[PDB]
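Tertiary structure, described
This is what each chain is made of:
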Amino acid sequence: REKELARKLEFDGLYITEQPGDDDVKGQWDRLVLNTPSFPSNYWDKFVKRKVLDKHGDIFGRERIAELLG
Amino acid sequence: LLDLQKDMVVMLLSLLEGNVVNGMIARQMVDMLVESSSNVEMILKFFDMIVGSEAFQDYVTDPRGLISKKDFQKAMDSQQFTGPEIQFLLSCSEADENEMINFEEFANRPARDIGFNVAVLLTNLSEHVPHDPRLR
């Protein structure tokens, strides 16, 4: 799941963009998890969040995405 | 001018209607578009524009039919287009009331189809003379 969501943000950024409601159901629990420090618990490229601010952050606040994240 | 420009590009397309395989003539068009590419850059940055209706809640600073030329002065500019064309955009706002920026009257600069036309021209140039560098 970790790889899943992470690669999703890596290319799609759905929480930056194509966010779920109760529709796109899986993601409803998954919204909250990104907020946590420890989201990348075991992906062994556990730094992805900063790549996410690196890519989707320019479209928005660089720290507003960090408001979402770091 | 928009009209003229539209039909203009139309002829340019009508020229390409005969083209299919790596057409010599289409390539010469490419070459002129190389020479005039400055101008294409100009018109296209004009095509970057109705875009500004996005500005009225993404970076709102009043939402009462009026907004200061500052939150949108460093919004979308703060991530591509030269700010010279943002100051050009202040004139496009025609200084509404005073510092404040007008909304929907921005959206008219209609011309939409022109951009479709050139786009078609481009995308078709990509096809008329396939598997090539300077073109792409």
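Residues numbered from 1 in each chain as written, not as in the entry; some residues may be left out. Chains lettered and ligands numbered in written order. Part of a larger assembly, values for the part shown. Heavy atoms only, no water. Residues with missing side-chain atoms left out of burial classes, pairs and counts.

Naming follows the PDB entry, where chain B appears as Ryanodine receptor 1 of Oryctolagus cuniculus. Each PDB entry has a title, and for this one the record gives "Structure of RyR1 in an open state".

Identification of chain A as Ryanodine receptor 1 from Oryctolagus cuniculus is taken from the PDB entry.

Quick notes on the overall build of chain B
Convention followed: Note on conventions: DSSP H or I runs of at least 4 residues are helices, E runs of at least 2 residues are strands, and numbering of each starts at the N terminus. With C-alpha atoms as the basis for the radius of gyration, the globule rule is written as 2.2 Å multiplied by the number of residues raised to the power 0.38.
Each helix and strand counted, chain B has 6 helices and 0 strands in total. For chain B, the succession of helices and strands along the chain, N to C, is α-α-α-α-α-α. For chain B, the C-alpha radius of gyration of 19 Å lies well beyond 14 Å, the compact-globule estimate for 136 residues. For chain B, the spread of C-alpha atoms along the principal axes amounts to about 55 × 30 × 20 Å.

Some details on the overall build of chain A
As a reminder, the rule being used: Whether a residue is buried, partly exposed or exposed follows from its accessible area with a 1.4 Å probe, protein chains only, as a fraction of its type maximum: under 20%, in between, or over 50%, in that order. The contact criterion used is simple: two residues touch if any of their non-hydrogen atoms lie within 4.5 Å. Methods summary: accessible areas were calculated by the Shrake-Rupley approach with a probe of 1.4 Å, and residue burial reflects only the protein chains presented.
For chain A, the helix and strand inventory stands at 4 helices and 0 strands. Listed N to C, the secondary structure of chain A is α-α-α-α in terms of helices and strands. Its C-alpha atoms give chain A a radius of gyration of 11 Å, within 12% of the compact-globule value 11 Å for 70 residues. By residue count, 30% of the 70 residues in chain A fall in the buried class. Partitioning the contacts of chain A with sequence separation of at least 6, the portion at a separation of at least 24 is 48%. For chain A, the exposed area adds up to about 5,200 Å²; of that, 53% sits on carbon and sulfur atoms.

Thoughts on the packing of helix 2 (residues 24-35) of chain B against helix 6 (residues 112-128) of chain B
Residues and elements named next belong to chain B. This is how the line gets drawn: Where helices are involved, their axes are fitted lines through C-alpha atoms of the stretch in contact, as for all axes, and angles between N-to-C directions lie from 0 to 180°. Should an angle lie under 35 degrees it is considered roughly parallel, over 145 roughly antiparallel, and from 65 to 115 roughly perpendicular; all remaining angles are considered oblique. Should the near helix be turned counterclockwise from the far one by less than a right angle, the crossing is left-handed, whereas a clockwise turn marks it as right-handed. Amino acids outside the nonpolar list (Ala, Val, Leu, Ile, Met, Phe, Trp, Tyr, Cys, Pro) and the charged list (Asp, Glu, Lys, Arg) are all regarded as polar, and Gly is one of them.
The contact between helix 2 and helix 6 brings their axes to 10 Å, and the two run at 130°. Comparing the axis directions of helix 2 and helix 6 gives the class oblique. For helix 2 against helix 6, the interelement crossing comes out left-handed. Residues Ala 26, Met 29, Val 30 and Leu 33 of helix 2 pack against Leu 121, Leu 125 and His 128 of helix 6. Looking at the contact of helix 2 with helix 6 residue by residue, the class counts come to 6 nonpolar, 1 polar and no charged.

Some thoughts on the pattern of salt bridges
Quick reminder of the rule: Note on definitions: salt bridges are taken to be side-chain nitrogens of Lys or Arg within 4 Å of carboxyl oxygens of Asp or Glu.
A salt bridge links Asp 7 of chain B to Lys 6 of chain B; the shortest N-O distance between them is 3.4 Å. Among the ionic pairs, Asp 31 of chain B bridges to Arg 134 of chain B, the shortest N-O distance being 3.4 Å.

A look at unusual backbone geometry
With a phi close to 55°, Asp 24 of chain A is a non-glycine residue in the positive phi region. In this fold, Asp 24 of chain A is placed in the loop between helix 1 (2-11) and helix 2 (27-33). Phi is positive for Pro 63 of chain B, close to 45°, though the residue is something other than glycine. Tracing the backbone through its elements, the reader meets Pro 63 of chain B in the loop between helix 4 (55-58) and helix 5 (84-92).

Examining the packing of helix 1 (residues 2-16) of chain B against helix 6 of chain B
Residues and elements named next belong to chain B. Axis separation between helix 1 and helix 6 bottoms out at 9 Å; the angle between their running directions is 20°. Judged by the angle between their axes, helix 1 and helix 6 are roughly parallel. Helix 1 and helix 6 meet at a crossing whose hand is left-handed. Contacts between helix 1 and helix 6 pair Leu 2, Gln 5, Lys 6, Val 9, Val 10, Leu 12, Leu 13 and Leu 16 from the former with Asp 113, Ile 114, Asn 117, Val 118, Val 120, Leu 121, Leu 125 and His 128 from the latter.

Brief notes about the environment of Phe 60 of chain A
Residues and elements named next belong to chain A. In this structure, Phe 60 sits in the loop between helix 3 (48-55) and helix 4 (64-68). Sequence-wise, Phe 60 and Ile 16 are 44 residues apart; in three dimensions their C-alpha atoms are separated by 8.8 Å. The residues touching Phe 60, leaving out its near neighbours within four places in the chain, are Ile 16 and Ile 65.

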